[PDB]
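Visitor: Below is the file data-v2.cif, which contains mmCIF, C-alpha atoms and all ligand atoms.
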```
data_my_file
#
loop_
_atom_site.label_atom_id
_atom_site.label_comp_id
_atom_site.auth_asym_id
_atom_site.auth_seq_id
_atom_site.Cartn_x
_atom_site.Cartn_y
_atom_site.Cartn_z
CA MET A 1 0.00 0.00 0.00
CA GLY A 2 3.07 2.23 0.27
CA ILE A 3 2.46 3.24 3.88
CA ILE A 4 5.18 5.14 5.73
CA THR A 5 5.19 4.37 9.44
CA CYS A 6 8.32 5.69 11.09
CA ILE A 7 9.61 6.43 14.60
CA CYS A 8 9.57 10.19 13.92
CA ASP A 9 5.75 10.17 13.58
CA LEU A 10 6.20 12.46 10.55
CA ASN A 11 5.18 10.04 7.87
CA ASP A 12 5.69 11.87 4.59
CA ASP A 13 8.29 10.91 1.97
CA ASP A 14 11.76 12.30 2.71
CA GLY A 15 13.27 10.80 -0.45
CA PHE A 16 15.01 7.75 1.02
CA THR A 17 12.87 5.03 2.55
CA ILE A 18 13.33 1.39 3.48
CA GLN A 19 10.66 -1.30 3.72
CA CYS A 20 10.20 -3.51 6.75
CA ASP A 21 10.62 -7.19 5.84
CA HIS A 22 7.66 -8.16 8.03
CA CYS A 23 4.89 -5.54 8.16
CA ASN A 24 5.88 -4.04 4.78
CA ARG A 25 5.42 -0.48 6.03
CA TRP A 26 8.18 1.95 5.12
CA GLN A 27 10.55 3.96 7.31
CA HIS A 28 12.88 6.89 6.63
CA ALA A 29 16.32 5.29 6.35
CA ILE A 30 17.95 8.28 8.05
CA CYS A 31 15.71 7.89 11.11
CA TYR A 32 17.25 4.45 11.58
CA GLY A 33 20.80 5.75 11.05
CA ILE A 34 20.98 4.36 7.52
CA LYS A 35 22.66 7.23 5.63
CA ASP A 36 22.91 5.58 2.20
CA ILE A 37 21.96 2.32 0.50
CA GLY A 38 25.30 0.83 1.46
CA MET A 39 24.37 1.09 5.13
CA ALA A 40 21.21 -0.94 4.57
CA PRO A 41 21.53 -4.57 5.70
CA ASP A 42 20.31 -7.60 3.76
CA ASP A 43 17.61 -8.20 6.36
CA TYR A 44 15.70 -5.30 7.90
CA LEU A 45 12.85 -5.03 10.43
CA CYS A 46 11.25 -1.83 11.70
CA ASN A 47 11.18 -0.89 15.40
CA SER A 48 7.55 -1.98 15.76
CA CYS A 49 8.27 -5.46 14.44
CA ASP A 50 11.53 -5.73 16.35
CA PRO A 51 12.27 -3.23 19.12
CA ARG A 52 15.84 -2.00 18.81
CA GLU A 53 18.09 0.63 20.33
CA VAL A 54 17.36 3.68 18.17
CA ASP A 55 17.41 7.42 18.84
CA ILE A 56 13.75 8.39 18.47
CA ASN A 57 14.28 12.02 19.50
CA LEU A 58 17.01 12.47 16.90
CA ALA A 59 14.75 10.99 14.22
CA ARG A 60 11.98 13.43 15.08
CA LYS A 61 14.47 16.31 15.13
CA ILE A 62 15.81 15.52 11.66
CA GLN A 63 12.41 15.05 10.04
CA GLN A 64 10.86 18.06 11.74
CA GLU A 65 13.77 20.19 10.53
CA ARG A 66 13.27 18.96 6.94
CA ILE A 67 9.61 19.93 7.14
CA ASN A 68 10.33 23.26 8.82
CA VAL A 69 12.69 24.43 6.06
CA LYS A 70 10.87 23.19 2.95
CA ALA B 1 16.64 -4.68 2.09
CA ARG B 2 14.06 -3.10 -0.21
CA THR B 3 14.58 0.65 -0.69
CA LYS B 4 13.22 3.70 -2.49
CA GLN B 5 15.49 6.67 -3.14
CA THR B 6 14.64 9.80 -5.07
CA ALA B 7 17.43 11.74 -6.73
CA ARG B 8 16.90 15.42 -7.53
CA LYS B 9 19.17 16.93 -10.17
CA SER B 10 19.09 20.26 -12.03
CA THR B 11 20.80 19.75 -15.40
NA NA A 101 4.50 6.76 12.99
NA NA A 102 15.92 8.93 4.84
ZN ZN A 103 11.27 8.93 10.21
ZN ZN A 104 7.62 -3.70 10.59
#
```
Would you put the structure from the file into structure tokens?
Ligand code: NA
Ligand code: NA
Ligand SMILES: [Zn+2]
Ligand SMILES: [Zn+2]

Guide:
Amino acid sequence: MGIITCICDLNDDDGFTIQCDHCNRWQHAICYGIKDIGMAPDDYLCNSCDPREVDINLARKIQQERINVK
Amino acid sequence: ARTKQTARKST
């Protein structure tokens, strides 16, 4: 369905998204510390499907800044 | 993983 569901709760397209292997919803790669395609692992699960250590406040900060300057 | 990435280029 092309649904973005990310830890920033700012679910519009930022230009670089990655799809959860399980729920098939998409996340912003940068919110998960994935800066380019090379940093994306073979297997990938979102934080909802597999809770991980991830900086949620930083994710929100980055996405909110993108929105605030567009 | 499966990814989408949009490139924006002017000329
Ligand atoms: Na969300
Ligand atoms: Na991104
Ligand atoms: Zn995000
Ligand atoms: Zn998931």

Visitor: Tell me which of A:59, A:7, A:30, A:18 sits closest to chain B, counting all atoms listed in the file.

Guide: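 Once distances to chain B are computed over all atoms listed in the file, the minimum belongs to A:18.
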
Visitor: Nearest residue to chain B out of A:37, A:8, A:69, A:3, using all atoms listed in the file?

Guide: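 Of the candidates, the smallest distance to chain B is held by A:37.
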
Visitor: Residues near residue 8 (chain B), anyone? I mean within 12 Å using all atoms listed in the file, not counting same-chain ones fewer than 6 positions away, as a list in words.

Guide: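 Listing them by chain and then by number gives residues 14, 15 and 16 of chain A.
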
Visitor: Just write the chosen residues, C-alpha atoms, as a PDB file, in the coordinates of the input.

Guide:
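Output file part_35.pdb is given in full below:
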```pdb
ATOM      1  CA  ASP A  14      11.760  12.300   2.710  1.00  0.00           C
ATOM      2  CA  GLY A  15      13.270  10.800  -0.450  1.00  0.00           C
ATOM      3  CA  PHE A  16      15.010   7.750   1.020  1.00  0.00           C
TER       4      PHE A  16
END
```

Visitor: Pull out every residue of chain A sitting within 12 Å of chain B, counting all atoms listed in the file, and send them as a short mmCIF file (atom, residue, chain, number, x, y, z; two decimals) with C-alpha atoms, in the coordinates of the input.

Guide:
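New file part-v8.cif:
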```
data_model
loop_
_atom_site.label_atom_id
_atom_site.label_comp_id
_atom_site.auth_asym_id
_atom_site.auth_seq_id
_atom_site.Cartn_x
_atom_site.Cartn_y
_atom_site.Cartn_z
CA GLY A 2 3.07 2.23 0.27
CA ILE A 4 5.18 5.14 5.73
CA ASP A 13 8.29 10.91 1.97
CA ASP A 14 11.76 12.30 2.71
CA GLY A 15 13.27 10.80 -0.45
CA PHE A 16 15.01 7.75 1.02
CA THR A 17 12.87 5.03 2.55
CA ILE A 18 13.33 1.39 3.48
CA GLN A 19 10.66 -1.30 3.72
CA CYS A 20 10.20 -3.51 6.75
CA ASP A 21 10.62 -7.19 5.84
CA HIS A 22 7.66 -8.16 8.03
CA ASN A 24 5.88 -4.04 4.78
CA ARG A 25 5.42 -0.48 6.03
CA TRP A 26 8.18 1.95 5.12
CA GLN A 27 10.55 3.96 7.31
CA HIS A 28 12.88 6.89 6.63
CA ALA A 29 16.32 5.29 6.35
CA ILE A 30 17.95 8.28 8.05
CA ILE A 34 20.98 4.36 7.52
CA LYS A 35 22.66 7.23 5.63
CA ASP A 36 22.91 5.58 2.20
CA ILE A 37 21.96 2.32 0.50
CA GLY A 38 25.30 0.83 1.46
CA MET A 39 24.37 1.09 5.13
CA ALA A 40 21.21 -0.94 4.57
CA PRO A 41 21.53 -4.57 5.70
CA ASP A 42 20.31 -7.60 3.76
CA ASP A 43 17.61 -8.20 6.36
CA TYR A 44 15.70 -5.30 7.90
CA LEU A 45 12.85 -5.03 10.43
CA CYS A 46 11.25 -1.83 11.70
#
```

Visitor: Which residue out of A:1, A:23, A:48, A:67 has the minimum interatomic distance to ligand NA 101 (chain A) when all atoms listed in the file are used?

Guide: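 Ranked by minimum distance to ligand NA 101 (chain A), first place goes to A:48.
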
Visitor: What is the CA of residue 65 (chain A) to CA of residue 9 (chain A) distance in Å?

Guide: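 Rounded to one decimal, the two atoms are 13.2 Å apart.
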
Visitor: One decimal, in Å: what's the spacing between atom ZN of ligand ZN 104 (chain A) and CA of residue 55 (chain A)?

Guide: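 Interatomic distance, atom ZN of ligand ZN 104 (chain A) to CA of residue 55 (chain A): 17.0 Å.
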
Visitor: Of the residues A:49, A:58, A:66, A:10, which is the one nearest to ligand ZN 103 (chain A), using all atoms listed in the file?

Guide: A:10

Visitor: Could you check which of A:6, A:31, A:62, A:54 is closest to ligand ZN 104 (chain A), using only C-alpha atoms and all ligand atoms?

Guide: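 Closest to ligand ZN 104 (chain A), using only C-alpha atoms and all ligand atoms: A:6.
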
Visitor: Measuring atom to atom with all atoms listed in the file, identify which of A:11, A:70, A:57, A:50 is nearest to ligand ZN 103 (chain A).

Guide: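 Of A:11, A:70, A:57, A:50, the one nearest ligand ZN 103 (chain A) is A:11, counting all atoms listed in the file.
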
Visitor: Please write out, as JSON, where the centre of an axis-aligned box around all listed atoms of region 3-11 of chain B lies and how long its edges are, in Å to one decimal, after adding 3 Å on each side.

Guide:
```
{"center_x": 17.0, "center_y": 10.5, "center_z": -8.0, "size_x": 13.6, "size_y": 25.6, "size_z": 20.7}
```
